[PDB]
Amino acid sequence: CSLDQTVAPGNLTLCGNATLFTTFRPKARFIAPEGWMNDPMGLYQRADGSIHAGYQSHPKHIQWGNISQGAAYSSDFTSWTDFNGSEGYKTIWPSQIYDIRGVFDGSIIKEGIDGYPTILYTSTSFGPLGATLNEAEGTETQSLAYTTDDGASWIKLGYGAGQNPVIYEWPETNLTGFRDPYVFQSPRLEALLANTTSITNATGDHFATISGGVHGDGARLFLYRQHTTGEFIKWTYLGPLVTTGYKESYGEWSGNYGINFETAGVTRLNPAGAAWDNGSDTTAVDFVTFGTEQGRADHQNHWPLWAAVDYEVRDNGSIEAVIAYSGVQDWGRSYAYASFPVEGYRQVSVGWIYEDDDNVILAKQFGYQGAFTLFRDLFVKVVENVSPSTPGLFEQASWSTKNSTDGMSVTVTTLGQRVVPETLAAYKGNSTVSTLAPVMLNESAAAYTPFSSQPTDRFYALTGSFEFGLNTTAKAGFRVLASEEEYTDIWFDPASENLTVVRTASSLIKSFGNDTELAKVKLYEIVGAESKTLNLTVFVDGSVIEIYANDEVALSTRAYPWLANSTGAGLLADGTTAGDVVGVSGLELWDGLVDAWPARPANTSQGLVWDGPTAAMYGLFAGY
């Protein structure tokens, strides 16, 4: 095993555990100190205004198992500090018959048991567990724990009748899943149900969804309401909030609803951010976010989706959320988006970016797996004065249209996503910033044009505004992590409406994924404009490539070039001519970003362990 990054990679499978720890590792984002991580969990803003972020964690392993809450905190979403207690950076772990198989995702009741922040989480026990398996009642239940020290530790309620677990009965028969409780307050839902509280006796100020589905009959999001305010044991099942069909698809802009929901959340937004009105705000929209499984051929069978919904009240005192339009929250290798309220009327969302090593070829050599996305402000994106001649505009697939009185212009409404401003400000201010001259891409444009200033390592951000003719067939974008032999190409093709990430040349190491990523992007044409504009922002962070387009479209992926000098970046151009020109402006490189974990040394590996022969005997965890 050689770690010489000036020559071709050898057989890296011969390398020891965590010998590749720093090689591809993100530095500017949320990531576990070591080992396996997946979904964000237990997210809340603490009383001092700082952010608590939990995550599904399995230390000293590179596959999922014994799933626990790892935790850290931040004053700015950007610079983080690990908790350090008796179990290192873990704060909740399997410990009881009801959760011994794993402490799955959970969410926060800010004012819970005895006034303390309280997590409602999926407590798992023995038995077949999975959407394609024959799961039985009891395998997934929902349990409570509370913290008296701001997330340094959690105290679970006792096991038993009238205690943990608090939700255990399946609300419907033959579930494909029953997990990831999402607890939230909703003046909107309270207002809607106020006339029906006699039917159910449920009058609490907290609601909770549980994600699942029904065998052979599609996914379900189940709605519960806290039964009495200030009391946290009794949760009353109202009915299914979201019901979708078996592998139903809303279309090309909306992924696939699969067979089972995971990690669903419920929010209400307006153009500024989070909306806390009862329905009185006409600019506010109700949204559901949700992961779906087994409706995708690749991306570990997984779609992170969202839908705008209109609530109807059922005669039995429950809520049907009718999908008005439906989109995708990230088009790439990410999943399990959790969102949470933040001061100043904000709703902040964050997900999990998995690796692209599905055959587990270099995982042990990494000594870790997984990172978070960036933290994203959610809001209602409103585009005014849209041209009715925008191709496919009235399909209204993952947006809504409203005509002007005279029918000459359109207002477009959709879900907006933007990186939290604290992260952008910190990234910019800590970077070497190069403001680049505008570039016209025409007949003289090479396929690849390096920027006049170049990155110095694998930690940078790029931004650009790409102006296209209304009938263009040209393609343009960004090449990143680039040397002569290795590079990752981010293309936009307005004629097809396709944003692609081409990874055939991303790395000389052949075991990593190399399939092309794809997002759909609608360029809403503005009345009187003779062009259409794509605003592209790209974050490069070790192996993470995280792409944002127009405060709307997100695509997270991975590239693992071996060569030390595969760090370059520049402009891509295809089919640009004297007549078909792409104007590129607002160009900027941020080199360096932020060291997100200042207290951590470069190598935080603690080695890897094997569970031994009993792992296969129990059959619950891979064991490594």
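Quick note: we count residues from 1 along the sequence shown, nothing fancier.
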Averaging the C-alpha temperature factors as deposited, the higher value of 586 to 594 versus 55 to 63 falls on 586 to 594
Taking the mean of the C-alpha B-factors per stretch from the entry, tell me the winner out of 207 to 215 and 365 to 373.
207 to 215
For the C-alpha B-factor as written in the entry, point me to the maximum among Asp357, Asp515, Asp149, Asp76.
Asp515
Out of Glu252, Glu262, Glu422, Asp99, highest CA B-factor residue:
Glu252
Sorting the chain's CA B-factors, does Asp277 end up in the lowest, middle or highest third?
highest
Which third, lowest, middle or highest, does the CA B-factor of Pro438 fall in along this chain?
highest
For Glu140, return the chain-relative third of its C-alpha B-factor as stated in the PDB record: lowest, middle or highest.
lowest
Entry-reported C-alpha B-factor of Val527 relative to its chain, by third, is highest
Can you tell me whether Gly407 has a C-alpha B-factor in the lowest, middle or highest third compared with the other modelled residues of the same chain?
highest
